[PDB]
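Let me begin by presenting the structure, written as C-alpha cells, before commenting on it.
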Amino acid sequence: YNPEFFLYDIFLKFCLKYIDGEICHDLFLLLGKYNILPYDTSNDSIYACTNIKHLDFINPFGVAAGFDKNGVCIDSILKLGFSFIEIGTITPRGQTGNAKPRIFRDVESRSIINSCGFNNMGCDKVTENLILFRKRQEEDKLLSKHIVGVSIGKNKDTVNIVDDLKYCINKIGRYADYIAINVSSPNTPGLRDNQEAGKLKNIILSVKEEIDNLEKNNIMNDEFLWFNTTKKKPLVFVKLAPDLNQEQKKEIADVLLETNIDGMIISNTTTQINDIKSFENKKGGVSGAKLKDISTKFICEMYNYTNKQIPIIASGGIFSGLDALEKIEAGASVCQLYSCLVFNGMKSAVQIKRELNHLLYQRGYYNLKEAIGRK
Ligand SMILES: Cc1cc2nc3c(=O)[nH]c(=O)nc-3n(C[C@H](O)[C@H](O)[C@H](O)COP(=O)(O)O)c2cc1C
Ligand SMILES: CCn1cc(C2CC2)c2c(CN3CCC4(CCC4)CC3)n(C)nc2c1=O
Ligand SMILES: O=c1cc(C(O)O)[nH]c(=O)[nH]1
C-alpha cells in the first residue's frame, strides 16, 4: 500500500541472515531517530477502536516493551501505524546489561532468545526524551490521541523494589498514560521477581499511592499537571511471567482483585522452551511464535480466575490477524507485537490490522470489543 515499506522489507532478509540481532535493533532505532521510516496515516476502523476502561485506544495493536527501551524512537514507531507503545523496561539508574552477544534469532521457527538484562540509560534521561516527545506531540497531528505507556522495573543490584518504582513514578509519572510493572523478566539473576501474592499486593498499593500523591501536592489544574494524552492520572498494569504454577496464578488473581489493578499484561518470555536447536547453548528467555499458545492459555486462565473483571493485554507470538483474534476470543482487550516486527519489518501493523478487520467481519461480529472472550 506504500512504496516505502517495501525497501526495508527487501533489506530485511539480508539483515536477518547476516547481521547480529542487536545490531539490527540499533540500526532500526537510528533510522527512526532521524525520521526516515515509513508511515501509515490511514484512518482506522471505528469498529476496531478498543478501550481499557477509560483509556481509549484508536486500534488494538501496540509495540511491546523492550523495543524502544530508551524512548529515542517513539514518534517514528508510532507513525508506522500503532495505537500505542510501551517503552522500557526502564530502571532508575542506567545499566549496560549482560555481556554481548545477547540476542539470537532462529528464522525457521520465527523465534528469538534474549539475555539483555535491562540495558537502558536510566530514568532521568528517558524522562527527558519522553518530555521532548510530548512537546513534539503537541505540534504533530500524526501523534494526536496516541498513547505512551512506560514499563518500569528494578536495577539488578537494588535491595528493595518499591524504592526504584517510586523514584520512576516521581520523575516520569506525570508524562505517562499507563505504567507497566515488570515482575516477569527472565534476565535478572533473582529468578524472575517477587510475583508472590504478599509482595505483589504491597508493590501495587505503593505504586497507586505514589500516583495519587503526585496529584495531591500541586496547585495547577489536572490538565496542566498531566502532560500526557489523557490529561488524567496514569493507569496501572502488571506484566506477568509464563513460568508459574496454578496456585501462584490463582493467588495473584486474588491479589489483583483486592488491589483494584487496572490491567494485567500476560505475559513475558519463558525460559522453559528446550526444542530450539540453535538456542540450546544460549541463555535467556525465548520470544515469538513458540510463546503464542502458552500465552493464550494463560489468558484464558486469568480471565477466568479473575471472573472476567480484570482487562487483559496480550503479548506473545502475535504475528497474524488470526493470532490477535485468538487472544481476543481468549479474553484479551489489546495486543502487543515485537518478534513480528523483527521478521516482517515495516509492514507489521498495516498487515495485521487489515487481516483482523477482514476476519472480524467474517465471523459476524459488529465490533471487536464484543469479541473479548467470545469463544
Ligand atoms: C530483546 C528483547 C528485549 C525485551 N525487553 C523487555 C523489557 O525490557 N521489558 C519487558 O517487559 N519485556 C521485554 N521483552 C519481552 C517482550 O516485551 C514480549 O513480552 C515478548 O518478547 C513476547 O513478544 P513476541 O512473542 O511478539 O516477540 C523483551 C523481549 C526481547 C526479545
Ligand atoms: C531482537 C533484536 N532485533 C531487532 C530488530 C529490529 C527491531 C526491528 C531486528 C531485525 C529487523 N530490523 C529492522 C530494520 C532493518 C534495518 C534496515 C531493515 C533490518 C533489521 N532483524 C532482521 N533482526 C532483528 C533483531 O534481532
Ligand atoms: O522482561 C524481559 C526483560 C528482558 C531484558 O531486557 O533482558 N528480556 C526479556 O526477554 N524479558
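Cβ coordinates were reconstructed from backbone atoms using ideal geometry, including for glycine residues, and neighbour counts include every protein chain displayed. Each value in this text was obtained by applying a stated rule to the coordinates, not by laboratory testing.
In the range 313-324, which residues are touching a residue at least 60 places away in the same chain (Cβ under 8 Å) and either over 12 Å from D262 (Cβ atoms) or in contact with a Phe, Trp or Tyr (Cβ under 6 Å, 6 or more places away or on another chain) (or both)?
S315, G316, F319, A324
Select from the range 14-27 the residues that are in contact (Cβ under 8 Å) with a residue 24 or more places away in the chain and either closer than 11 Å to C73 by Cβ or within 15 Å of ligand 1 (Cβ to nearest atom) (or both) and list them in ascending order.
The answer is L16, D20, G21, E22, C24, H25.
Go through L29, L16 for me and flag whichever is within 16 Å of ligand 3 (Cβ to nearest atom) and of a type outside the set (S, T, N, Q).
Result: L29 is the single residue among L29, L16 that is within 16 Å of ligand 3 (Cβ to nearest atom) and of a type outside the set (S, T, N, Q).
Please go through the range 72-88 and pick out each residue that is closer than 22 Å to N170 by Cβ and away from ligand 3 (no atom under 15 Å from the Cβ).
The answer is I74, and nothing else.
Return the residues of the range 113-136 that are of a type in the set (F, W, Y) and either within 16 Å of ligand 1 (Cβ to nearest atom) or outside any helix (DSSP H, G or I) (or both); say none if nothing qualifies.
Within the range 113-136, just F118 meets the criteria.
Pull up the range 318-329, narrow it to residues that are surrounded by fewer than 23 Cβ atoms within 10 Å (Cβ to Cβ) and away from ligand 1 (no atom under 11 Å from the Cβ), then point me to the one that is farthest from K375 (Cα to Cα).
Residue satisfying both the conditions and the ranking: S320.
Name every residue in the range 159-186 that is within 16 Å of ligand 1 (Cβ to nearest atom) and of a type in the set (S, T, Y), in order of residue number.
Result: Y178, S184, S185.
Any idea how many residues of the range 37-46 are loosely packed, with under 11 Cβ neighbours inside 10 Å and more than 19 Å from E355 (Cβ to Cβ)?
Residues flagged as loosely packed, with under 11 Cβ neighbours inside 10 Å and more than 19 Å from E355 (Cβ to Cβ) within the range 37-46 amount to 1.
Determine which member of the set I52, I10, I36 is more than 11 Å from ligand 2 (Cβ to nearest atom), β-branched (V, I, T) and over 25 Å from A99 (Cβ atoms).
Unique residue meeting the criteria: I52.
Looking only at the range 89-105, decide whether some residue is farther than 28 Å from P234 by Cα and either away from ligand 3 (no atom under 16 Å from the Cβ) or touching a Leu at 6+ places or on another chain (Cβ under 9 Å) (or both).
Checked against the condition, which is being farther than 28 Å from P234 by Cα and either away from ligand 3 (no atom under 16 Å from the Cβ) or touching a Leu at 6+ places or on another chain (Cβ under 9 Å) (or both), the range 89-105 yields at least one hit.
Looking at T188, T230, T259, which one is out of contact with any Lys or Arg (no Cβ under 7 Å at 6 or more places or on another chain) and either surrounded by 14 or more Cβ atoms within 10 Å (Cβ to Cβ) or small (G, A, S) (or both)?
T230
When the residues of the range 85-114 are narrowed to those that are within 14 Å of ligand 2 (Cβ to nearest atom), of a type outside the set (A, V, I, L, M) and surrounded by 20 or more Cβ atoms within 10 Å (Cβ to Cβ), which ends up farthest from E22 (Cα to Cα)?
Restricting to residues being within 14 Å of ligand 2 (Cβ to nearest atom), of a type outside the set (A, V, I, L, M) and surrounded by 20 or more Cβ atoms within 10 Å (Cβ to Cβ), the top hit is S111.
When residues of the range 326-375 are filtered for being away from ligand 3 (no atom under 16 Å from the Cβ), closer than 27 Å to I87 by Cβ and of a type outside the set (V, I, T), how many remain?
Looking only at that region, the number is 21.
Is it true that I294 is under 12 Å from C335 (Cα atoms) and within 16 Å of ligand 1 (Cβ to nearest atom)?
Considered against the rule, which asks whether it is under 12 Å from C335 (Cα atoms) and within 16 Å of ligand 1 (Cβ to nearest atom), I294 comes out as no.
From the list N182, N155, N160, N170, which residue is of a type outside the set (D, E) and touching a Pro at 6+ places or on another chain (Cβ under 9 Å)?
Matching residue, one of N182, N155, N160, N170: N155.
Name every residue in the range 233-255 that is crowded, with 23+ Cβ neighbours inside 10 Å and out of contact with any strand residue (DSSP E or B) (no Cβ under 6 Å at 6 or more places or on another chain), in order of residue number.
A241, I252
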